[PDB]
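Report on one structure; see the data block that follows.
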Amino acid sequence: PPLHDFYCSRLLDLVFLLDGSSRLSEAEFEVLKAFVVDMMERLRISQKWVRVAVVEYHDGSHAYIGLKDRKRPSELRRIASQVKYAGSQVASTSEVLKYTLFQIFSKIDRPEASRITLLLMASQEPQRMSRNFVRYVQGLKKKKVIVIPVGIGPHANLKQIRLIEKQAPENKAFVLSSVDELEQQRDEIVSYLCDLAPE
Amino acid sequence: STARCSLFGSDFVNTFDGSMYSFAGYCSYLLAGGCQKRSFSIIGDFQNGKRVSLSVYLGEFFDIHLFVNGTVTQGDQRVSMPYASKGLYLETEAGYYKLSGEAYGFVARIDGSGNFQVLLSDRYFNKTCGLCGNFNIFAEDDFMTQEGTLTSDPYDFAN
Amino acid sequence: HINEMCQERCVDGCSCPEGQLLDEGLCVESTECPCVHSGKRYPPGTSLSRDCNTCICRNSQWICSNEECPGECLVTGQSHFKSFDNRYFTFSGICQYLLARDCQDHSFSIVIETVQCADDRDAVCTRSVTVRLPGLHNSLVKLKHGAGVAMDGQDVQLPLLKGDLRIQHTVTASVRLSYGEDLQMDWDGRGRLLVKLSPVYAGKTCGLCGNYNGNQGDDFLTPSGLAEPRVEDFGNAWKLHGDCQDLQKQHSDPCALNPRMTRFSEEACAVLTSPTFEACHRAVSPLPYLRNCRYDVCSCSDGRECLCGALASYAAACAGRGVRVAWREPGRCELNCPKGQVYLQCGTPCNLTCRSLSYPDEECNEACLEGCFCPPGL
Amino acid sequence: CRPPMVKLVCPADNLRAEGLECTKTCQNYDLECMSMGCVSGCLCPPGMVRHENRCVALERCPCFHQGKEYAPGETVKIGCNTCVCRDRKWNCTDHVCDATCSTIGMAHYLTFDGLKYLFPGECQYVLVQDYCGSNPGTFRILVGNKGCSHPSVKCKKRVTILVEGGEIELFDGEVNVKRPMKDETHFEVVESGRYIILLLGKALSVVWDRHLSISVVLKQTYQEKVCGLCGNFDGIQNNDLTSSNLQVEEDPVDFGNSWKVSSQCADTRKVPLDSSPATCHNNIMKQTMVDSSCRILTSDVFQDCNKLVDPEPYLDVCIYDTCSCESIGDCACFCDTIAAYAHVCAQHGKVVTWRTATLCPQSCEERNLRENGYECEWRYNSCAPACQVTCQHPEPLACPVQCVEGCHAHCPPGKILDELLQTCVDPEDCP
Amino acid sequence: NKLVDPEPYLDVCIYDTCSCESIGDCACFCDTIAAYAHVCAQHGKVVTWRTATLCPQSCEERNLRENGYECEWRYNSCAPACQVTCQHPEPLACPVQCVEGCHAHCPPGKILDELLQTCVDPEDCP
Ligand SMILES: *[C@@H]1O[C@H](CO)[C@@H](O[C@@H]2O[C@H](CO)[C@@H](O[C@@H]3O[C@H](CO)[C@@H](O)[C@H](O)[C@@H]3O)[C@H](O)[C@H]2NC(C)=O)[C@H](O)[C@H]1NC(C)=O
Ligand SMILES: *[C@@H]1O[C@H](CO)[C@@H](O)[C@H](O)[C@H]1NC(C)=O
Ligand SMILES: *[C@@H]1O[C@H](CO)[C@@H](O)[C@H](O)[C@H]1NC(C)=O
Ligand SMILES: *[C@@H]1O[C@H](CO)[C@@H](O)[C@H](O)[C@H]1NC(C)=O
Ligand SMILES: *[C@@H]1O[C@H](CO)[C@@H](O)[C@H](O)[C@H]1NC(C)=O
Ligand SMILES: *[C@@H]1O[C@H](CO)[C@@H](O)[C@H](O)[C@H]1NC(C)=O
Ligand SMILES: [Ca+2]
Ligand SMILES: [Ca+2]
Ligand SMILES: [Ca+2]
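Protein chains in written order, with UniProt numbering: chain U, 1265 to 1463; chain D, 31 to 189; chain Y, 316 to 693; chain C, 767 to 1197; chain B, 1072 to 1197.
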C-alpha cells in the first residue's frame, strides 16, 4: 500500500549509510533521518521484496536495522526515526564501506535482488584513512553492489564522489548543497534506484 | 592397628609395607598423605642430602616445622617445645621430639640420631600416597609416582 | 531520571539557578554535562574507543558502534583456554583436542596435543598444534614444542612464504603462522597459542574455542548440540582419540596437593591486583587471570617461570586493548635480551631483520611488540 | 584377520590412509580425523563406526548430554524445551523460557542472561526496568538495600516495585502496598513456604525469600526490553554490564554505580582485593572454616544437582557473605546462600534435603497449633509446592516457580488450607 | 535475671563467641544461652527463648516415619526429667528436674521406647 504515490515492490536489498560526523548538525541529522524514513516509507519493506538496513558510521558502524531483520515496517520506521545523533569529529567512508562489504554483504543468500549502498557523505575523511577506499569500492563492485554516493553538504568530500562512479557503470552521484535538497530530489532518487530494478 | 614408615639411617627409607631404599634429596618430599582428599601432609625436609626437619601441613593453612636439633617453627616464627595447638601436640615423649596428630591420625618422632617416624592409622589403608609408599599390604607396589605410573627406580619415584 | 521517587518534602536550601543541572559539585549547563565511563568524566563529543568499536559521548549517553571485533582463543598456561567469546575456563585433559575448526566452510582444523607438563596431576599444557589448512592442498603444519615448524613431517626453515602461509619468527621466539589475513596463530613453543581470527568466521567455528558469535553461554557447545553444564563434559566431547581417559572432576585448587607453595602463590599472583596494574584493571578484570596465575604457580614444575607466564599473559591481555603496563624488573621477571639485543619496551618489528632491508617493498602494518629489538642504526 | 568383515592396513604410498589410529567412533566420527601416520591397522566398513565394543550402525549411535549415552529416539528436558537424539544430534525445540534475575546473597547478583557478578552497594539501585529507551516503560523494580556495604548481619534489603499504578514496597519480611496498582485484576500475593511469591502482572513475577534473595521472573514479552542490574535479557551474556549510559562497563562496580537512583547518595569504592574479604585473608581461622563449611554445595546431597547446575558461583557467594558477615546466633548469612543454591537446584526438578538438626536448622513447630494441642498442622518440606489452592486463592493461579521449600501445611482434600488463622479448615469456612 | 545474675554468662558469651568463628554451625553462641536457660530452669524459672530465627531447634526428623507422620516428637523448652520408658520403667532420681530438648508427648498409655524412638504399648518391650 503506497503511502502517497510510490511503491517499488520488487526484489531488492538496500542499505543506508547515514553519516555521523559533526558536519551535519543536530537539525541536519534529523533532516537526514526524515529523508531515510520518508524514503523507506515508499518501498515494499519485507524480506520477500525489499531489505532495508541503516548503518550510522561515526568512525565505526552503528547498524540499527539489519537487512536480515524481519519486523513490522512501522517498527522499522520507528527505529530509523530513533537513530541517535553521534556527532563525531570525523567519519570514515572507508570504514563503513569495509563494514558493509565484509559483515553486511559477504554471505550472499538472495541473488534475486540487487545490492545498493547509499553513502550519504557529509565530511572529508582524512587522507590517512583512505588507503583502501578504491580497494573496497572494487570489492563491492565484484559482489554485484552499486554505490550511490550523495554529497550532502558543501564539505562532503567530492573527490571520492565521481571516483566511486568512475569505478562502476551504475554508480551515480547525487551531489547536493544542503539537506533541504534531499526532499526535492527524493522522487528522483527513488526513481533512479527503481530503474536498476531486480524485479 | 597402624602402619609405620621411618626415614632411618643416613638417607634411608622404609615404606609402610616394608620396602626400603636409599634417597638423599633436597626438596622436602611428601612422606605421607592421601592423594585424593589430602587434608594434611607430612613433609620430610632435606638439606644437602641430610635429613633436616620434618614438616607437617594441615590443609593449606597450618604449617609446623620440627627440625632435628629440637627447634620448632610455625613457618615464620619460633615456638617453645610442648606447644599444644589445633591438634598436633608437639611434645617430648621419651627424649624424642614427638609430634602427635590424633584427629587425623599419625605420630611423628625424631630421635637423637634424627631417624624420623610415622604411624598412620588404618583408615588410610590403600589411601596414603606419599613418599612412604601406599599403605597396602602389597609391599612390591610402593613406588607409585605422583604421575600415577608405578616405577622401579627408587630415585624417580622419590623425585 | 527516576521520577515519582522525589516525594518526601521541600527543604530550604541552595540550588542551580534555573536550568543548570547540578554536576558533581557545580551547577553546569544542561548540555555541558559529561558522560561517565569507568569513573571518568568526558565532555560531550568525546570519542572513547573500544577494541574495534568506537563510542561517542552524546548528551549523557554513549553512542557505541556495534561491529564485530576479531576473535582470540588464547590457550596460555596449564589449560587456561579463553574462547573467542571471552569465556575464561580451564580443562586439564590429556589428549588431542580440536581447538577450533570452521565447521561451515572447512578451511582450518587447528588441533592441540596436550600432555602432563609436570609432576602435579593438575598440570596439563599443550605441547604441539596441527594446523590443517585444506586450502593449500592438505598441508599439516606442526608448530611443535619449542617453536619447531614442520610441514607434512618435513621440517621448514623459517621464514616460510608459501601461497598464503607466512610462518615467520616473531620478535620474541614465537612463530606467527599467518594466512590470508584471516588467521594469525602465534605459538611460542610452550603454552601460548593465541589464535587471532577475523570476523568473517563469526558464529562459524567449533571445538574448544566454541562459537564466535559473541555469547558466552553457547561457548560450551558440544558437536552434539546441547551445551554442557560442566567443563569436563564439554572438553571430553571435543576429544580426538577414542582411548584417552575422559577427564573427571576437573580440579580447581592444585595448591592443596602442594601446601608448601601456598604462601608464594598468594603473595606472588597479587601484583595483578596491585596498583602496578590498576591502569589495566578497568581495561580488563584480572579475576580470571589471577585465578589462572594461582593455579599455575602452585601446580607446575618451576613456580617462578609459571608466575612469569601468567603475569605476562595478563600483561598481553591488557596491551591488546590499549593500556601498556611496565611489569618488568628483578622480583618480577625480565626478558634479559641476548648480547646486542636490547629490551626497549614497545619497539618496532619492521625496521630490523635485514631480510626487510633486502625487501623494502614490504609494508610495516604492525604495532609494538615489547621484545628484543636491536639498538638504533643496527 | 578378524571376521566377518575384511581387514585392510595401508596403501603404503606416502602414509595417507587411516589405520587403526583413526577409528571413527560416533562421538569422533563427526570430528575431524587424527594426526598420526598410517599405522597399518583394521577399521570398520566405510559407512560404519566402531562405537563401544565394535562396529555399530552410523545412524543409530547414541547421543550424549551429561556424558550419559542416549539411544536414538530418546529425549531430554532441558529447561522448557525438549530435544531428541537424531543422527547423533539433539533436535531441540525453541521456546525461550522464563528468565530469573536472583539477588544471591547480600552483594552478588545474577542477570537474566546468566552473568553473575559482585556489587556491594549501600544506595538504591534498579534491579529490573522497562524505561530503557524508546520503548515506553511499564514497570520498574528497585532493590534499595540498607546498611549492606559489606555483607553484614544488620543488612536488610528494601525492594520497591513501581508497577504500572503504585509502589508495592517489600521492606523487612512483609509486603506493604504504598499505592494500589490501578489494574488490580492481576495482582496476587501468594505466601508459600519461606517465600512471598508475587504475580505482579501477566508475565513479570517477583519471588522473595523474605530476607535477602529477590528473584524476578519474566517471559518472552520482556526479551531485550529490560535493563538495570539484571541486564537486557537478550540471551547474549556479554552485553549484560551495559551501564545506564549505554556502555559495557568492564568492572561490575562501575556498571552498578550507573544504576544508582540517587545521584548524590554514594559511589561504592573499587576495592582492590579480589576474594577473602574483611576477616578472610587475615584470619586463617576464619577463611579455613569458611571454605570447609561452604563446601556442602559439593556434598553428596548436592552431587546429583552439581552436574545440572554449576555450584562455583554459589561457592564464591558462600565464601563471600560469610567472611564479611560476622555470624552470631542469626547464622543466616550462610544458610541463605545454601538455600538459594538449593532453590536453584529445585527449579531443575532436583529437590535436595540438606537442613539438619545441626547444619542450618529450621523448625516449623511454632506454627503447629501451638495455641493448644499443637497438632501437626504444619511441616517443613524441601519441595513444598509453592502456589497451592487455598481459601484466599481457591483458583489455580499460575505461578513462576514450581515447588519451593519452607513450612507447608499438608492437609487432606477435606478442610483445605485457610489463610488468616494459618490452619486448614472446612472449605465452607473460607469467605 | 533477678534470681541469678547473668554477668558470668554475659562474659562467657562475649568470650567464646568472638573466639568462635561460627559458620553455619551456630552452636558456639547458642550453647551459652542454652546453658544460662538451663541454670534458670534449675531455679524453676523456665524460659522459652528459642525462636525460628534465634538458634532454631527442630524436631521434625523424629516424627518422620514410614507410616507418614507421627506428630509426637516436639521441642519442649523445659520438658520433664527422666521419663519412665520401656527400657527404664522404674523411676530414677535425676540430678536435674527439668531439661530442654526434644521429647515425645505420648498419650497416657503406650509409654516411650528407646530403639525406634516411638511410643508403643508396654507389651511390645521388655
Ligand atoms: C636447628 O636447625 C635449624 C635449621 O638450620 C636452625 O635454624 C637456623 O638458625 C640460624 C640461627 O640464627 C638462622 O641463622 C639466621 O638466619 C637469618 C635468616 O636467614 C639471618 O638473617 C641471620 O643473620 C642468621 O644467619 C638460620 O636462618 C636458621 N635456618 C632456618 C630457620 O632454616 C636452628 O637454629 C637449629 N637449632 C639451633 C638450636 O641452633
Ligand atoms: C586401589 O584403588 C583402586 C581404584 O580406586 C582399586 O581398584 C583397588 O582395588 C585399590 N586397592 C586396594 C588394595 O584396595
Ligand atoms: C625504525 O622504524 C622507524 C619507524 O618509523 C623508521 O622510521 C626507521 O627508519 C627504522 N630504523 C631505525 C634505525 O630507526
Ligand atoms: C526437526 O524435526 C522436523 C520434523 O521432523 C524437521 O522438519 C526438521 O528438519 C528438524 N530439524 C533439525 C535441525 O533436525
Ligand atoms: C513435600 O510435599 C509433597 C507433596 O505435598 C510430598 O510428595 C513430599 O513427600 C513432601 N516432602 C517432604 C514432606 O519432605
Ligand atoms: C513441657 O512439658 C510440661 C510437662 O510435661 C508441660 O507442662 C509443658 O506445657 C510443656 N511445654 C510445652 C511448650 O509443650
Ligand atoms: Ca604399598
Ligand atoms: Ca570462541
Ligand atoms: Ca545481554
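Note that beta-carbon positions come from the ideal geometry of N, C-alpha and C, so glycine has one too.
Partners in chain Y for residue i, counting only beta-carbon separations shorter than 7 Å
| i | result |
| --- | --- |
| C/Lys855 | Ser539, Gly540 |
| U/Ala1327 | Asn381 |
| C/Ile844 | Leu541 |
Coarse secondary structure for residue i, derived from DSSP in three states
| i | result |
| --- | --- |
| C/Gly959 | coil |
| C/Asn911 | strand |
| C/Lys882 | strand |
| Y/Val426 | strand |
| C/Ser868 | strand |
| U/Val1360 | helix |
| U/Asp1302 | helix |
| U/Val1319 | strand |
| D/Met174 | strand |
| C/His1114 | coil |
| C/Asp1006 | helix |
Proximal chain C residues relative to residue i, where beta-carbon distance stays under 8 Å
| i | result |
| --- | --- |
| B/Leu1125 | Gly1095, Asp1096 |
Residue i to residue j span [Cα, whole Å]
| i | j | result |
| --- | --- | --- |
| Y/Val546 | B/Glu1078 | 55 Å |
| C/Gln1154 | C/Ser958 | 8 Å |
| C/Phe830 | Y/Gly557 | 15 Å |
| residue 1525 of chain U | U/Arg1287 | Outside the displayed span of chain U (1265 to 1463) sits residue 1525 of chain U, for which this structure offers no information. |
| D/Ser182 | C/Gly1115 | 51 Å |
| Y/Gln419 | Y/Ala517 | 11 Å |
| U/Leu1275 | U/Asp1269 | 19 Å |
| D/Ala114 | B/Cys1126 | 32 Å |
| Y/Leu650 | Y/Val446 | 29 Å |
| C/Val1056 | Y/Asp470 | 55 Å |
| B/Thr1103 | B/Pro1166 | 20 Å |
Residue i Cβ short of 7 Å to ligand 8 heavy atom set
| i | result |
| --- | --- |
| Y/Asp534 | yes |
Near ligand 6: residue i beta-carbon under 7 Å from a heavy atom
| i | result |
| --- | --- |
| B/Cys1142 | no |
| B/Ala1112 | no |
| B/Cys1149 | yes |
Neighbouring residues, chain D, relative to residue i (Cβ below 8 Å)
| i | result |
| --- | --- |
| Y/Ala571 | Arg68, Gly89, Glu90 |
Under 8 Å from the C-beta of residue i: neighbouring residues of chain Y
| i | result |
| --- | --- |
| D/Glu177 | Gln431, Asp434, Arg436 |
| U/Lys1332 | Here the premise fails: no neighbours, minimum Cβ distance about 13 Å. |
Near ligand 9: residue i beta-carbon under 7 Å from a heavy atom
| i | result |
| --- | --- |
| U/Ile1368 | no |
| C/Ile1002 | yes |
Contacts of residue i in chain D (Cβ-Cβ under 7 Å)
| i | result |
| --- | --- |
| C/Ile1050 | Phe91 |
8 Å Cβ cut-off: residues of chain B touching residue i
| i | result |
| --- | --- |
| C/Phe1100 | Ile1094, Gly1095 |
Where residue i meets chain U, residues with beta-carbon distance less than 7 Å
| i | result |
| --- | --- |
| Y/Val515 | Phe1366, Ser1370 |
Distance cut-off 7 Å: residue i Cβ against heavy atoms of ligand 4
| i | result |
| --- | --- |
| C/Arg854 | no |
7 Å Cβ cut-off: residues of chain C touching residue i
| i | result |
| --- | --- |
| Y/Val426 | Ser801 |
Under 9 Å from the C-beta of residue i: neighbouring residues of chain C
| i | result |
| --- | --- |
| B/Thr1088 | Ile1094, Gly1095 |
Heavy atoms of ligand 2 versus C-beta positions, residues under 5 Å: The set, ordered by position in the chain, is D/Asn156, D/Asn166.
Residues passing the C-beta test against ligand 1 heavy atoms, cut-off 6 Å: With 6 Å as the limit between CB and the heavy atoms of ligand 1, the residues that fall short of it are D/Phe97, D/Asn99, D/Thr101.
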